[PDB]
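A lone chain, given as structure tokens: the form deposited in one PDB entry.
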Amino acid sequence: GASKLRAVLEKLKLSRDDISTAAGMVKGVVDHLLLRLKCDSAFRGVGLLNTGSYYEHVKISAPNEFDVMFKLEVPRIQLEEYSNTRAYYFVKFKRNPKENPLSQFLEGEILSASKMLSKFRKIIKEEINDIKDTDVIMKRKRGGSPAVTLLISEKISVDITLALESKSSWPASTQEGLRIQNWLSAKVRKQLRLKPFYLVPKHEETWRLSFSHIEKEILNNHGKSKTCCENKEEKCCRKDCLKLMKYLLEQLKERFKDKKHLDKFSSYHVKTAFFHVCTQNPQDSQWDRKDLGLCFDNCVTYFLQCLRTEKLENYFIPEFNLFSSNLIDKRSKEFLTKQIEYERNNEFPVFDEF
């Protein structure tokens, strides 16, 4: 069934790749933000996660929706796990020059997210009206993990997220996570765990881990074979399968935005499930581009099985269950399950329409 899947993959490639003014209007906004935050007391160490990363699209169908992360280095951090949750933490400080820059947001020993996300929101909203180039509107609708959302002109839309960076070892709830040893090798997993980790706020004053940088690195070096996709002798469909899980869910989320049943689902749940299938199917031969449709079916199948059983291990923190009934109720997962099965049986109609 590769014919129709390819056609949808091509439609989407041609709008990512198409000449767009958006990325420019974004870069100039973030560049001004950075220098205005950098000469400030609390944010002098702010930076962009990457460079050349003004164009990260979480919404694979919506190309005018951008996502930027600003990172801040926190040296000698004290992490405390909240309520045995495995994945949510308080931040505190070892205090060497016990007047570290962030000291103005403390609460006894515990670092306050919501205060930071206000001096941050206010410092940005300050230099936003100072902007004379183009139009910039920020809305502070609740849910501050897409913390600050800027709107540039009418179409294009930017989500600014602020993250803490630590260069120490990943927290101990990740110790058994990232089980890539039989796929990407034990020595790549060590290499990856030598990288820094990042914290963002939850919605209490708790923080969660952000592994987008590691996803990115897996996705750009994703084969059991070192030369995967450096050719078309050996071009695989891993990335394409991920794109079709993402597009499947954005389309279902959009088609059913009126009713509320899909609101807790995000691309994070799709990425997670996908990598678990990469771990189950570690050989490049199990991802032949000839077999796009079969491999996609595996992904859809596996995800649906997570829903019905209410189990989807975080890829990095094996004890944390993304589909726990306390995180997402049975009603919802049972709803997503039915909707997807209706797609799968009908050769996914949600695709030929845009």
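One-based numbering along the sequence shown.
Heads up, the form deposited with a partner chain bound isn't pictured, but that's what we're talking about next.
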Its partner chain in the deposited complex has a heavy atom of only one listed residue within 4.5 Å, and of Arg179, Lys155, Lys167, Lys257 that residue is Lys167
Select from the listed residues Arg140, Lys264, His203, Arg95 the one whose heavy atoms reach within 4.5 Å of its partner chain in the deposited complex.
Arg95
Given that the partner is absent here, state which listed stretch (144-152, 96-104, 247-255, 80-88) has heavy atoms within 4.5 Å of its partner chain in the deposited complex.
96-104
Considering only heavy atoms, tell me if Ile131 and its partner chain come within 4.5 Å of each other in the deposited complex.
no
Quick one: does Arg193 come within 4.5 Å of its partner chain in the deposited complex, counting heavy atoms only?
yes
